[PDB]
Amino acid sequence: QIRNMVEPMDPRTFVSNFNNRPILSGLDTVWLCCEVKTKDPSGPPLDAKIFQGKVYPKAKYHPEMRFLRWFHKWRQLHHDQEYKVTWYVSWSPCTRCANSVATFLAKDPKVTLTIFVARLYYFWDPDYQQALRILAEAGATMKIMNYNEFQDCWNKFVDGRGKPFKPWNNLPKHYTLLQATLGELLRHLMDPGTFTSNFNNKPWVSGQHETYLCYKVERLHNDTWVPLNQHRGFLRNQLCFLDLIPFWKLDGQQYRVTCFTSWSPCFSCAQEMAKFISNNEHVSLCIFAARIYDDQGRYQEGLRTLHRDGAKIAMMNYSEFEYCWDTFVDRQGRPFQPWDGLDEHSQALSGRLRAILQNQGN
């Protein structure tokens, strides 16, 4: 019935835009075929729609954002229920729309999203690799379009007047390349040199101009914080990671998010995390910083406001460094090698942070 719900796309346009040659510079355009269904998979689609946009900036107008706005205005016209949405999209999301869609999914317990992509946009770029990881951690099921998905998108969204889908040569080969790329980037862990150069707690003198943050989530069960090995992650920033964790899909109760950040939060980040833990009493926040970041501004007030709003803030010591090496680093069986003076630098930084957070004088 999708054929009657949408204005189908020209066959030329489909063959041109959903060709899955990994590298294709010349295709300015993104096409997003979406179908909306109830949670019952047997049921037919309630609605479907084709969105289009350009890949280049003003991502406000990218088909993903158009979908979000349309869907928000669509759900208000039907009774509240649970939805399964499927996308066939010719390019995978940019970084901005990965963040947007991921926060939408993480805050909405009634939506499930499966994204089949024909090609990976900027698959070579660490920012977009991270963006896809963020999408997947928010709960979106990311997949490369295979022959079956191209066939189904032909049958449902393309004006292929009875004519069946005929594949181009190398469709499966492209699928193999792209699916391997997506899998490895989804399972990717931090490079060891990245880790040791960014989490070293000796006084800065080169690099380290970016912030790295690893995080784990635990849930309350029986007066006992029990971990969730499936909801870990690490992010690089050179709006607030708590907005990307789906506190709803997890075992229903209260949670403790433990954070390991190479630099202590900037002012903005501190205020965003404080606002989050204020409006989410079921989430406790623990922050471990490798170094204290002094922005010459209000960073002290930022940390103090974060602390007032319930976050526990400490400096990383050997235990936390070793945990992050063992959990978030592509270590290759090799053990954590502490650098010289780790514990002493950690104790001094702890004293500094103690002075920063202290309210009453003795």
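Start at 1 with the first residue shown and count on from there.
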(message) Between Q253 and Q254, what class does the number of missing deposited residues fall in: none, 1 to 3, 4 to 9, or 10 or more?
(response) none
(request) Higher average CA B factor in the deposited record is what I'm after, so tell me if that's 158-166 or 126-134. (result) 158-166
(request) Decide which of the stretches 179-187 and 207-215 has the higher mean C-alpha B-factor, going by the entry. (result) 207-215
(message) Out of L220, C94, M142, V89, whose C-alpha atom has the biggest B factor in the entry?
(response) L220
(message) Take the CA temperature factors straight from the PDB entry and tell me which of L171, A102, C269, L113 peaks.
(response) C269
(request) State the tercile, meaning the lowest, middle or highest third, of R352 with respect to the CA B-factors recorded for its chain. (result) lowest
(message) Where does the C-alpha B-factor of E149 rank in its chain, lowest, middle or highest third?
(response) lowest
(message) Is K107 in the lowest, middle or highest third of its chain when residues are ranked by C-alpha B-factor?
(response) middle
(request) Consider only the C-alpha atoms of the modelled residues in this chain, order them by B-factor as the entry records it, and name the third containing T13: lowest, middle or highest. (result) middle
(request) Quick one: classify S278 as lowest, middle or highest third of the chain based on its Cα B-factor. (result) highest
